[PDB]
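All values below come from the heavy atoms of this structure, side chains included, with hydrogens, waters and symmetry mates left out. Protein chains get the first letters and strands the later ones, always in sequence-line order, with residue 1 at the start of each.
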Amino acid sequence: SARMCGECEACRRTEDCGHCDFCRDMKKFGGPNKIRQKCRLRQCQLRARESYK
DNA sequence: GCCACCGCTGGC
DNA sequence: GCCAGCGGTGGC
Ligand SMILES: [Zn+2]
Ligand SMILES: [Zn+2]
């Protein structure tokens with residue numbers, strides 16, 4: 001994909017950490033869904049926006 | 001130029 | 001129809 005190399009540790013992760021800013025924003029963690037980004041541990045190390053890592 | 005949103009839509 | 005999560009952008 002555009003933002004996924006599909007081959008790094010972050011790309012292979014299936015579980016959200018539940019503690020980063022992005023996770024806390026999620027409805028599944030009680031957040032408002034205002035940021036709308038993947039867990040920081042799941043941000044592709046090669047392809048993601050530098051500030052998402 | 002950056003970042004905290006928010007519009008949008010492919011995939012289900 | 002919902003929703004994960006990407007791309008664009010207003011306001012700084
Ligand atoms: Zn997280
Ligand atoms: Zn990757």
**Request:** Using only heavy-atom distances, decide whether a donor-acceptor pair under 3.5 angstrom links the side-chain of A:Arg36 to the base of B:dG7.
**Result:** yes
**Asked** With a distance cut-off below 6.0 Å to the six-membered ring centre and an angular limit of 45° from the axis, does A:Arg40 pair with A:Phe22 as a cation-pi contact?
**Response** yes
**Item:** Where A:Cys8 and A:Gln45 come nearest, the two heavy atoms and their spacing
**Value:** SG-N, 3.6 Å
**Asked** In whole Å, what is the span from the CD atom of A:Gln43 to the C1' atom of C:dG7?
**Response** 13 Å
**Request:** State plainly whether one hydrophobic cluster holds both A:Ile35 and A:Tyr52, where clusters connect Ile, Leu, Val, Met, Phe, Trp and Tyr through side-chain heavy atoms under 4.5 angstrom apart.
**Result:** yes
**Request:** Measure from CZ on A:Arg42 to P on C:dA4 and round the result to the nearest Å.
**Result:** 10 Å
Polar atom pairs (N or O), protein with nucleotides 8-12 of chain C, under 3.5 Å:
| unit_1 | atom_1 | unit_2 | atom_2 | d |
| --- | --- | --- | --- | --- |
| C:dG8 | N7 | A:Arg49 | NH2 | 2.9 |
| C:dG8 | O6 | A:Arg49 | NH1 | 2.8 |

**Request:** Could you check A:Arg36 against A:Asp25 for salt bridge (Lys or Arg N to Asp or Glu O under 4.0 Å), going step by step and ending with a plain yes or no?
**Result:** CA-CA 7 Å; A:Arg36 318 226 262 265; A:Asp25 182 58; over 6 Å; no
**Message:** Without decimals, in angstroms, what is the distance between A:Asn33 CG and B:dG7 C1'?
**Reply:** 12 Å
**Prompt:** Does A:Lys38 put a side-chain nitrogen or oxygen below 4.0 Å from OP1 or OP2 of C:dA4?
**Reply:** no
**Item:** Nearest-angstrom distance from the residue atom CD1 of A:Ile35 to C1' of B:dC6
**Value:** 10 Å
**Message:** Distance check needed: B:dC2 P versus A:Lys53 NZ, whole Å only.
**Reply:** 13 Å
**Prompt:** Once you round it to whole Å, what is the distance between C1' of C:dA4 and CZ of A:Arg3?
**Reply:** 16 Å
**Complete:** Nearest heavy-atom approach of A:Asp16 to A:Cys39 is OD1-CB, 3.7 Å
**Request:** Could you tell me whether a side-chain N or O of A:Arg3 sits under 3.5 Å from a main-chain N or O of A:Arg47, the two making a donor and an acceptor?
**Result:** yes
**Asked** For the pair made of CZ in A:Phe29 and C1' in C:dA4, what is the distance, rounded to whole Å?
**Response** 13 Å
**Asked** To the nearest Å, how far apart are A:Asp21 CG and B:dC2 P?
**Response** 18 Å
